[PDB]
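Just one chain follows, in the form deposited in one PDB entry, and it is written as structure tokens.
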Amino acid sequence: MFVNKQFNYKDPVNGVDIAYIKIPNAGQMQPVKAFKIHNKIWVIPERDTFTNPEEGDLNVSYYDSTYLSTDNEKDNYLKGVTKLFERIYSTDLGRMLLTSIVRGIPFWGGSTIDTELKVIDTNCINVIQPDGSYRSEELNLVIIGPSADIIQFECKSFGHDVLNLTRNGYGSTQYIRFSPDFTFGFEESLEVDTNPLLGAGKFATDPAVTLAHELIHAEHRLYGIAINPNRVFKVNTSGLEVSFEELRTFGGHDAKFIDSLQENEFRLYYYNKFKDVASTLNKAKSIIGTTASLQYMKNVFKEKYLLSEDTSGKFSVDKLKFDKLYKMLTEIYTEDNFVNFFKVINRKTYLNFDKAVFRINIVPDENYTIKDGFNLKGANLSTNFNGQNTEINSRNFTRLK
């Protein structure tokens, strides 16, 4: 259901959901073969050597310039990523998260003429057709291979000359450098109430959790309510800094590092930002790039932001409607609640730096399933979290660094 059709890397482009594309801003990059696995979501099975110029080559942290270079790999990569989305989507939470994301079309704040609505083309990609013509397409999310540092997973946008799209409520297309071929090991934090009967050795993080973690960053950013990367907490451990955004995203006890005073400050801030958006739509009397109507566009953002529209068509931000949306996005969609749903083991806090990288392969149903992840049912790997025991389930994990 979430991805409706089998995509093989070697399938012929068609100009619709399989095509060579170009990421505006990459400039003169050569086209890359991407796949549209869902409305507003694409996957590029390449090592990210485009989003950032300074990182044009693939020359704890893992490096391998040869990684994800063969079509066969790109294939397995496409299937892994797809499998995880399905896994995330199979949970109500994930179903909800993925829904918010598709609805989070980055806002049309490209105009300098307050009475005009206009796209910000860094939120589009050029889809090359079979004839050779290109077509600009809007998209909310792109999943791409990692750059030089294979285990450096992040969420990145293209920013604006003046606007802060990820923090002004507008939003922007998000590019998640991620890989389903690796996972991290953490250590069974043994506490009085923790199950004593826990396998042995270190466990591996369920890759679905890792992806979820990023889609959460992607949600915040798409709705332009991401916490400034500068706001951090000096955790007592000298003193280590950790961004509020990360703590928020991880959720759980870590999210409580953001005191009530900060919470209200952020909530009132973006409430105000959303209001400006409603206000902008109201002043809007014309649109540019007409393959679509003004009304439709206004409605699309009414839906995204959950604005209220009076009989005269005037939009407005309803305080309790906002509260729900904003809460859902920042308090309900957290790594911790995903661990609750997946019922898998994961580090208890964002603070768990444990050197351990394993090459994995969740594509085979013999190793990983949508519903059980590594803790396969009938299998024996489904208890005390055996599936995630790099010892007990040694065959699914290959140490690297």
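Residues carry their position along the shown sequence, with the first being 1. By rigid core we mean the largest C-alpha set that fits within 1.5 Å across both forms.
Separately, the form deposited in another entry exists; it is not shown, and the next lines address it.
Only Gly199, out of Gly110, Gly199, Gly252, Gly185, shows a C-alpha shift of 2 Å or more between the shown form and the other one on alignment of the rigid core. A shift of at least 3 angstroms brings the Cα atoms of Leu190 and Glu331 nearer to each other in that other deposited form than in the displayed structure. In that other deposited form, the Cα atoms of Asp372 and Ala200 sit 3 Å or more farther from each other than they do here.
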